[PDB]
$ cat work-v2.txt   # compact mmCIF, C-alpha atoms
# COMPACT_ATOMS: atom_id res chain seq x y z
CA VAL A 145 20.37 108.44 39.82
CA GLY A 146 23.39 109.76 41.68
CA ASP A 147 23.84 109.01 45.39
CA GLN A 148 20.11 108.64 45.99
CA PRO A 149 19.20 105.69 48.23
CA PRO A 150 17.54 102.60 46.71
CA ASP A 151 14.06 103.73 47.85
CA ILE A 152 14.03 107.14 46.18
CA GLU A 153 10.65 106.39 44.61
CA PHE A 154 9.09 105.47 47.94
CA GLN A 155 10.52 108.44 49.82
CA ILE A 156 9.30 110.80 47.10
CA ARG A 157 5.82 109.24 47.06
CA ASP A 158 5.65 109.43 50.86
CA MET A 159 6.92 112.99 50.48
CA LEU A 160 3.97 113.83 48.23
CA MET A 161 1.37 112.06 50.38
CA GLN A 162 1.89 114.29 53.42
CA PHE A 163 1.23 117.31 51.19
CA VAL A 164 -1.63 116.09 48.96
CA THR A 165 -3.65 113.76 51.20
CA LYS A 166 -4.93 116.67 53.29
CA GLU A 167 -8.31 117.96 52.15
CA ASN A 168 -8.61 121.45 50.67
CA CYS A 169 -5.46 120.75 48.65
CA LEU A 170 -5.82 121.47 44.95
CA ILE A 171 -3.75 118.86 43.12
CA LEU A 172 -2.29 120.08 39.84
CA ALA A 173 -1.53 116.82 38.05
CA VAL A 174 1.10 118.14 35.63
CA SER A 175 1.78 115.73 32.78
CA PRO A 176 3.97 116.23 29.71
CA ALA A 177 2.39 116.03 26.29
CA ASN A 178 5.33 114.12 24.79
CA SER A 179 4.95 111.22 27.20
CA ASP A 180 1.78 109.17 27.00
CA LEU A 181 -0.99 110.13 29.41
CA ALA A 182 -1.27 106.59 30.75
CA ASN A 183 2.26 107.07 32.15
CA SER A 184 1.36 110.19 34.16
CA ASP A 185 2.53 109.58 37.72
CA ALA A 186 0.64 112.80 38.45
CA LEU A 187 -2.63 111.18 37.40
CA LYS A 188 -1.76 107.99 39.28
CA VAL A 189 -1.28 109.98 42.49
CA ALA A 190 -4.43 112.00 41.78
CA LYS A 191 -6.55 108.87 41.35
CA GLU A 192 -4.99 107.44 44.52
CA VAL B 97 1.07 90.16 8.17
CA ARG B 98 0.60 93.37 10.17
CA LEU B 99 -3.14 93.49 9.47
CA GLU B 100 -3.48 89.88 10.61
CA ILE B 101 -1.50 90.69 13.76
CA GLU B 102 -3.73 93.61 14.72
CA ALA B 103 -6.90 91.68 13.88
CA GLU B 104 -5.70 88.77 16.03
CA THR B 105 -5.03 91.15 18.92
CA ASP B 106 -8.49 92.71 18.57
CA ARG B 107 -10.32 89.38 18.31
CA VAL B 108 -9.50 88.65 21.98
CA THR B 109 -8.61 92.00 23.56
CA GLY B 110 -11.43 94.07 22.09
CA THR B 111 -11.52 97.44 20.37
CA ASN B 112 -11.33 99.65 23.49
CA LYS B 113 -7.61 99.54 24.34
CA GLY B 114 -7.95 96.33 26.35
CA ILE B 115 -5.04 93.92 26.64
CA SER B 116 -4.64 90.16 27.00
CA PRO B 117 -1.67 88.18 28.38
CA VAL B 118 -2.19 85.24 25.98
CA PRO B 119 0.83 85.15 23.65
CA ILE B 120 0.59 85.44 19.88
CA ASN B 121 3.03 82.79 18.63
CA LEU B 122 4.46 83.89 15.28
CA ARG B 123 7.31 82.46 13.21
CA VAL B 124 9.26 84.16 10.42
CA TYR B 125 11.61 82.48 7.97
CA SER B 126 14.67 84.22 6.56
CA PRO B 127 17.85 83.15 4.74
CA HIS B 128 20.48 84.65 7.09
CA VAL B 129 19.02 84.93 10.59
CA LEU B 130 19.59 82.93 13.75
CA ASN B 131 16.98 80.67 15.33
CA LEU B 132 16.21 83.57 17.62
CA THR B 133 13.23 84.01 19.95
CA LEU B 134 12.08 87.62 20.10
CA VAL B 135 9.40 88.77 22.54
CA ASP B 136 7.58 92.05 22.01
CA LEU B 137 5.56 93.10 25.05
CA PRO B 138 3.10 95.86 25.93
CA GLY B 139 4.47 98.95 27.59
CA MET B 140 4.07 99.65 31.28
CA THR B 141 1.17 101.86 32.37
CA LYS B 142 -0.16 102.92 35.77
CA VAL B 143 -3.60 104.49 35.19
CA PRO B 144 -6.09 102.29 33.30
CA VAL B 145 -7.58 103.80 30.15
CA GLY B 146 -10.61 102.66 28.20
CA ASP B 147 -11.99 99.41 29.60
CA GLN B 148 -8.80 98.08 31.20
CA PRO B 149 -9.19 96.68 34.73
CA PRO B 150 -8.10 98.98 37.58
CA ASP B 151 -5.02 96.79 38.24
CA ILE B 152 -3.68 97.18 34.69
CA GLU B 153 -0.29 98.20 36.10
CA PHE B 154 0.17 94.97 38.04
CA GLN B 155 -1.28 93.00 35.13
CA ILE B 156 1.28 94.31 32.64
CA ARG B 157 4.03 94.11 35.26
CA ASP B 158 3.70 90.45 36.20
CA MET B 159 2.69 89.57 32.62
CA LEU B 160 6.06 90.72 31.32
CA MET B 161 7.84 89.54 34.48
CA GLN B 162 6.78 85.97 33.71
CA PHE B 163 8.72 86.36 30.43
CA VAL B 164 11.74 88.37 31.59
CA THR B 165 12.55 86.84 34.99
CA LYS B 166 13.62 83.58 33.33
CA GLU B 167 17.32 83.18 32.66
CA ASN B 168 18.86 83.25 29.14
CA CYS B 169 16.49 86.16 28.41
CA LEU B 170 18.40 89.19 27.17
CA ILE B 171 16.60 92.45 27.96
CA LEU B 172 16.24 95.42 25.63
CA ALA B 173 15.37 98.29 27.99
CA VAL B 174 13.81 100.88 25.70
CA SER B 175 13.55 104.42 26.97
CA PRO B 176 12.65 107.63 25.15
CA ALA B 177 14.96 110.61 25.14
CA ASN B 178 11.98 112.85 25.94
CA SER B 179 11.31 111.93 29.56
CA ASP B 180 14.20 112.19 31.99
CA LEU B 181 15.98 108.86 32.22
CA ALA B 182 15.16 108.61 35.94
CA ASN B 183 11.54 107.74 35.07
CA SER B 184 12.40 104.74 32.89
CA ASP B 185 9.94 101.93 33.51
CA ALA B 186 12.31 99.80 31.43
CA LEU B 187 15.30 100.51 33.68
CA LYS B 188 13.24 99.84 36.81
CA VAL B 189 12.44 96.29 35.70
CA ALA B 190 15.94 95.85 34.27
CA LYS B 191 17.63 96.65 37.58
CA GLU B 192 14.95 94.69 39.45
CA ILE C 10 28.23 88.37 7.11
CA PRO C 11 28.63 87.20 10.71
CA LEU C 12 30.19 83.81 11.38
CA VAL C 13 27.34 82.89 13.73
CA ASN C 14 24.94 83.39 10.82
CA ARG C 15 27.20 81.28 8.60
CA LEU C 16 27.31 78.56 11.27
CA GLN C 17 23.51 78.59 11.49
CA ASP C 18 23.34 78.34 7.69
CA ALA C 19 25.62 75.30 7.83
CA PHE C 20 23.46 73.78 10.58
CA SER C 21 20.34 74.22 8.45
CA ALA C 22 22.24 72.70 5.52
CA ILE C 23 23.17 69.59 7.50
CA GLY C 24 19.51 69.58 8.54
CA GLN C 25 20.12 67.61 11.73
CA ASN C 26 17.82 68.70 14.56
CA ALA C 27 20.58 70.71 16.24
CA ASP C 28 20.62 74.35 17.29
CA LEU C 29 23.14 76.83 18.63
CA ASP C 30 20.87 77.35 21.68
CA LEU C 31 20.86 81.14 21.71
CA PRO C 32 19.15 82.95 24.59
CA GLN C 33 15.80 84.54 23.89
CA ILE C 34 15.43 88.31 23.59
CA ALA C 35 12.69 90.35 25.25
CA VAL C 36 12.06 94.01 24.43
CA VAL C 37 10.50 95.97 27.29
CA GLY C 38 9.90 99.59 28.18
CA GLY C 39 7.30 102.22 28.88
CA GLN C 40 4.22 102.82 26.80
CA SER C 41 4.98 104.64 23.53
CA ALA C 42 8.71 104.17 24.11
CA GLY C 43 9.45 102.70 20.68
CA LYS C 44 9.80 99.04 21.58
CA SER C 45 8.01 97.57 18.56
CA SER C 46 9.79 99.94 16.18
CA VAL C 47 13.21 98.97 17.56
CA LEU C 48 12.28 95.30 17.30

$ encode --input "work-v2.txt" --output "structure tokens"
Amino acid sequence: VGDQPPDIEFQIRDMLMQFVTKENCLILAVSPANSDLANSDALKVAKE
Amino acid sequence: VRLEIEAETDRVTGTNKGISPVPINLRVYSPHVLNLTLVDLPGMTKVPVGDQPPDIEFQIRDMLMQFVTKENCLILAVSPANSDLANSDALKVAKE
Amino acid sequence: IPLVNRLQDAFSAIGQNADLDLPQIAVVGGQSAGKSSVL
């Protein structure tokens, strides 16, 4: 949305990897109640 | 009709939130409708729940892709107003 | 009532194995979006 490049999803996922892949990094998977839990990108990243 | 639909789904998928790509072919008759061809599909999920296989995301993805990617297939991209529109799994496939 | 519906009614009346050849519709979205309800 906006002027973001076509690979916004990939450059945000690669953004999150360099911060959460390191050990001793508590990962708060924040998910909204309104959306279904199976759609939690937080939980997808956490299980990855 | 609805009870038969859900029973038919369960008789192959199971009663633990499993899914199956085999289509349920249903026909309705009505006095003033077109000879339309509607396709309801499961929603897109990333993390498996229940007894779904670990690749449930790819399974649902290509399962609905095999129905949408064909031409003369109008797309109804459904998105809630709760999540921000940028997350729309419908719009991702629509623009893809 | 829409003229496409009336044309389909006339086609059924003539009963010949002809069709207007409409494109199919597919409803897609995220889980718990509301797809089945809209359909």

$ closest_atom_pairs --input "work-v2.txt" --of "chain C" --to "chain B" --cutoff "8 Å" --atoms "all atoms listed in the file" --output "Markdown table"
| residue | atom | partner | partner_atom | distance |
| --- | --- | --- | --- | --- |
| C:13 | CA | B:130 | CA | 7.8 |
| C:14 | CA | B:128 | CA | 5.9 |
| C:15 | CA | B:128 | CA | 7.7 |
| C:17 | CA | B:130 | CA | 6.3 |
| C:18 | CA | B:128 | CA | 7.0 |
| C:28 | CA | B:131 | CA | 7.6 |
| C:29 | CA | B:131 | CA | 8.0 |
| C:31 | CA | B:132 | CA | 6.7 |
| C:32 | CA | B:168 | CA | 4.6 |
| C:33 | CA | B:133 | CA | 4.7 |
| C:34 | CA | B:170 | CA | 4.7 |
| C:35 | CA | B:135 | CA | 4.5 |
| C:36 | CA | B:172 | CA | 4.6 |
| C:37 | CA | B:173 | CA | 5.4 |
| C:38 | CA | B:186 | CA | 4.1 |
| C:39 | CA | B:139 | CA | 4.5 |
| C:40 | CA | B:139 | CA | 4.0 |
| C:41 | CA | B:139 | CA | 7.0 |
| C:42 | CA | B:176 | CA | 5.3 |
| C:43 | CA | B:174 | CA | 6.9 |
| C:44 | CA | B:174 | CA | 6.0 |
| C:45 | CA | B:136 | CA | 6.5 |
| C:48 | CA | B:136 | CA | 7.4 |

$ atom_distance --input "work-v2.txt" --atom1 "CA of residue 111 in chain B" --atom2 "CA of residue 146 in chain B"
9.5 Å

$ residues_near_point --input "work-v2.txt" --point "(-10.6, 94.9, 32.4)" --cutoff "12 Å" --atoms "only C-alpha atoms" --output "list in words"
residues 109, 110, 112, 113, 114, 115, 116, 117, 144, 145, 146, 147, 148, 149, 150, 151, 152, 153, 155 and 156 of chain B

$ atom_distance --input "work-v2.txt" --atom1 "CA of residue 98 in chain B" --atom2 "CA of residue 124 in chain B"
12.6 Å

$ atom_distance --input "work-v2.txt" --atom1 "CA of residue 158 in chain B" --atom2 "CA of residue 100 in chain B"
26.6 Å

$ interface_residues --input "work-v2.txt" --of "chain A" --to "chain C" --cutoff "10 Å" --atoms "all atoms listed in the file" --output "MDAnalysis selection string"
chainID A and resid 178:183

$ interface_residues --input "work-v2.txt" --of "chain A" --to "chain B" --cutoff "12 Å" --atoms "only C-alpha atoms" --output "ChimeraX atom specification"
/A:145-146,148,150-153,175-192

$ write_last_selection --input "work-v2.txt" --atoms "C-alpha atoms" --output "PDB file, keeping the file's coordinate frame"
ATOM      1  CA  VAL A 145      20.370 108.440  39.820  1.00  0.00           C
ATOM      2  CA  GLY A 146      23.390 109.760  41.680  1.00  0.00           C
ATOM      3  CA  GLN A 148      20.110 108.640  45.990  1.00  0.00           C
ATOM      4  CA  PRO A 150      17.540 102.600  46.710  1.00  0.00           C
ATOM      5  CA  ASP A 151      14.060 103.730  47.850  1.00  0.00           C
ATOM      6  CA  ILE A 152      14.030 107.140  46.180  1.00  0.00           C
ATOM      7  CA  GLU A 153      10.650 106.390  44.610  1.00  0.00           C
ATOM      8  CA  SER A 175       1.780 115.730  32.780  1.00  0.00           C
ATOM      9  CA  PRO A 176       3.970 116.230  29.710  1.00  0.00           C
ATOM     10  CA  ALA A 177       2.390 116.030  26.290  1.00  0.00           C
ATOM     11  CA  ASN A 178       5.330 114.120  24.790  1.00  0.00           C
ATOM     12  CA  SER A 179       4.950 111.220  27.200  1.00  0.00           C
ATOM     13  CA  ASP A 180       1.780 109.170  27.000  1.00  0.00           C
ATOM     14  CA  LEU A 181      -0.990 110.130  29.410  1.00  0.00           C
ATOM     15  CA  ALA A 182      -1.270 106.590  30.750  1.00  0.00           C
ATOM     16  CA  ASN A 183       2.260 107.070  32.150  1.00  0.00           C
ATOM     17  CA  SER A 184       1.360 110.190  34.160  1.00  0.00           C
ATOM     18  CA  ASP A 185       2.530 109.580  37.720  1.00  0.00           C
ATOM     19  CA  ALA A 186       0.640 112.800  38.450  1.00  0.00           C
ATOM     20  CA  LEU A 187      -2.630 111.180  37.400  1.00  0.00           C
ATOM     21  CA  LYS A 188      -1.760 107.990  39.280  1.00  0.00           C
ATOM     22  CA  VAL A 189      -1.280 109.980  42.490  1.00  0.00           C
ATOM     23  CA  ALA A 190      -4.430 112.000  41.780  1.00  0.00           C
ATOM     24  CA  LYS A 191      -6.550 108.870  41.350  1.00  0.00           C
ATOM     25  CA  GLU A 192      -4.990 107.440  44.520  1.00  0.00           C
TER      26      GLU A 192
END

$ build_atoms --input "work-v2.txt" --residues "range 148-166 of chain B" --atoms "N, CA, C and O atoms" --output "PDB file, in the coordinates of the input"
ATOM      1  N   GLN B 148      -9.758  98.902  30.483  1.00  0.00           N
ATOM      2  CA  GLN B 148      -8.800  98.080  31.200  1.00  0.00           C
ATOM      3  C   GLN B 148      -9.202  97.958  32.667  1.00  0.00           C
ATOM      4  O   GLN B 148      -9.803  98.876  33.231  1.00  0.00           O
ATOM      5  N   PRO B 149      -8.893  96.835  33.305  1.00  0.00           N
ATOM      6  CA  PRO B 149      -9.190  96.680  34.730  1.00  0.00           C
ATOM      7  C   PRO B 149      -8.372  97.655  35.557  1.00  0.00           C
ATOM      8  O   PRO B 149      -7.315  98.124  35.111  1.00  0.00           O
ATOM      9  N   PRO B 150      -8.831  97.992  36.765  1.00  0.00           N
ATOM     10  CA  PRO B 150      -8.100  98.980  37.580  1.00  0.00           C
ATOM     11  C   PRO B 150      -6.681  98.572  37.931  1.00  0.00           C
ATOM     12  O   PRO B 150      -5.861  99.450  38.223  1.00  0.00           O
ATOM     13  N   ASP B 151      -6.359  97.280  37.911  1.00  0.00           N
ATOM     14  CA  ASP B 151      -5.020  96.790  38.240  1.00  0.00           C
ATOM     15  C   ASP B 151      -4.192  96.539  36.983  1.00  0.00           C
ATOM     16  O   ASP B 151      -3.383  95.605  36.935  1.00  0.00           O
ATOM     17  N   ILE B 152      -4.381  97.368  35.954  1.00  0.00           N
ATOM     18  CA  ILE B 152      -3.680  97.180  34.690  1.00  0.00           C
ATOM     19  C   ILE B 152      -2.170  97.266  34.891  1.00  0.00           C
ATOM     20  O   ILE B 152      -1.403  96.588  34.195  1.00  0.00           O
ATOM     21  N   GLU B 153      -1.720  98.084  35.846  1.00  0.00           N
ATOM     22  CA  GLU B 153      -0.290  98.200  36.100  1.00  0.00           C
ATOM     23  C   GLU B 153       0.295  96.873  36.547  1.00  0.00           C
ATOM     24  O   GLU B 153       1.275  96.389  35.974  1.00  0.00           O
ATOM     25  N   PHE B 154      -0.310  96.260  37.565  1.00  0.00           N
ATOM     26  CA  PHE B 154       0.170  94.970  38.040  1.00  0.00           C
ATOM     27  C   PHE B 154       0.010  93.900  36.971  1.00  0.00           C
ATOM     28  O   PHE B 154       0.852  93.001  36.850  1.00  0.00           O
ATOM     29  N   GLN B 155      -1.068  93.976  36.188  1.00  0.00           N
ATOM     30  CA  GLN B 155      -1.280  93.000  35.130  1.00  0.00           C
ATOM     31  C   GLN B 155      -0.140  93.025  34.123  1.00  0.00           C
ATOM     32  O   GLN B 155       0.487  91.998  33.851  1.00  0.00           O
ATOM     33  N   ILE B 156       0.172  94.206  33.587  1.00  0.00           N
ATOM     34  CA  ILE B 156       1.280  94.310  32.640  1.00  0.00           C
ATOM     35  C   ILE B 156       2.593  93.933  33.315  1.00  0.00           C
ATOM     36  O   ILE B 156       3.435  93.240  32.727  1.00  0.00           O
ATOM     37  N   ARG B 157       2.782  94.373  34.562  1.00  0.00           N
ATOM     38  CA  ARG B 157       4.030  94.110  35.260  1.00  0.00           C
ATOM     39  C   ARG B 157       4.307  92.621  35.361  1.00  0.00           C
ATOM     40  O   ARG B 157       5.314  92.133  34.841  1.00  0.00           O
ATOM     41  N   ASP B 158       3.422  91.874  36.026  1.00  0.00           N
ATOM     42  CA  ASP B 158       3.700  90.450  36.200  1.00  0.00           C
ATOM     43  C   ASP B 158       3.583  89.699  34.876  1.00  0.00           C
ATOM     44  O   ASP B 158       4.253  88.675  34.693  1.00  0.00           O
ATOM     45  N   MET B 159       2.791  90.211  33.928  1.00  0.00           N
ATOM     46  CA  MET B 159       2.690  89.570  32.620  1.00  0.00           C
ATOM     47  C   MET B 159       4.016  89.588  31.885  1.00  0.00           C
ATOM     48  O   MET B 159       4.396  88.592  31.261  1.00  0.00           O
ATOM     49  N   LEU B 160       4.740  90.705  31.934  1.00  0.00           N
ATOM     50  CA  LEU B 160       6.060  90.720  31.320  1.00  0.00           C
ATOM     51  C   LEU B 160       7.142  90.170  32.243  1.00  0.00           C
ATOM     52  O   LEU B 160       8.198  89.740  31.758  1.00  0.00           O
ATOM     53  N   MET B 161       6.899  90.157  33.553  1.00  0.00           N
ATOM     54  CA  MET B 161       7.840  89.540  34.480  1.00  0.00           C
ATOM     55  C   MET B 161       7.922  88.041  34.248  1.00  0.00           C
ATOM     56  O   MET B 161       9.006  87.454  34.311  1.00  0.00           O
ATOM     57  N   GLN B 162       6.783  87.405  33.968  1.00  0.00           N
ATOM     58  CA  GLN B 162       6.780  85.970  33.710  1.00  0.00           C
ATOM     59  C   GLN B 162       7.583  85.614  32.462  1.00  0.00           C
ATOM     60  O   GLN B 162       7.953  84.448  32.291  1.00  0.00           O
ATOM     61  N   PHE B 163       7.869  86.585  31.594  1.00  0.00           N
ATOM     62  CA  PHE B 163       8.720  86.360  30.430  1.00  0.00           C
ATOM     63  C   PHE B 163      10.157  86.807  30.631  1.00  0.00           C
ATOM     64  O   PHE B 163      11.060  86.243  30.007  1.00  0.00           O
ATOM     65  N   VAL B 164      10.397  87.810  31.472  1.00  0.00           N
ATOM     66  CA  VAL B 164      11.740  88.370  31.590  1.00  0.00           C
ATOM     67  C   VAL B 164      12.523  87.682  32.709  1.00  0.00           C
ATOM     68  O   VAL B 164      13.729  87.444  32.575  1.00  0.00           O
ATOM     69  N   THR B 165      11.847  87.344  33.812  1.00  0.00           N
ATOM     70  CA  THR B 165      12.550  86.840  34.990  1.00  0.00           C
ATOM     71  C   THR B 165      13.256  85.514  34.730  1.00  0.00           C
ATOM     72  O   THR B 165      14.138  85.138  35.509  1.00  0.00           O
ATOM     73  N   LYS B 166      12.894  84.796  33.671  1.00  0.00           N
ATOM     74  CA  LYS B 166      13.620  83.580  33.330  1.00  0.00           C
ATOM     75  C   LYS B 166      15.022  83.921  32.849  1.00  0.00           C
ATOM     76  O   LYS B 166      15.272  84.990  32.285  1.00  0.00           O
TER      77      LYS B 166
END
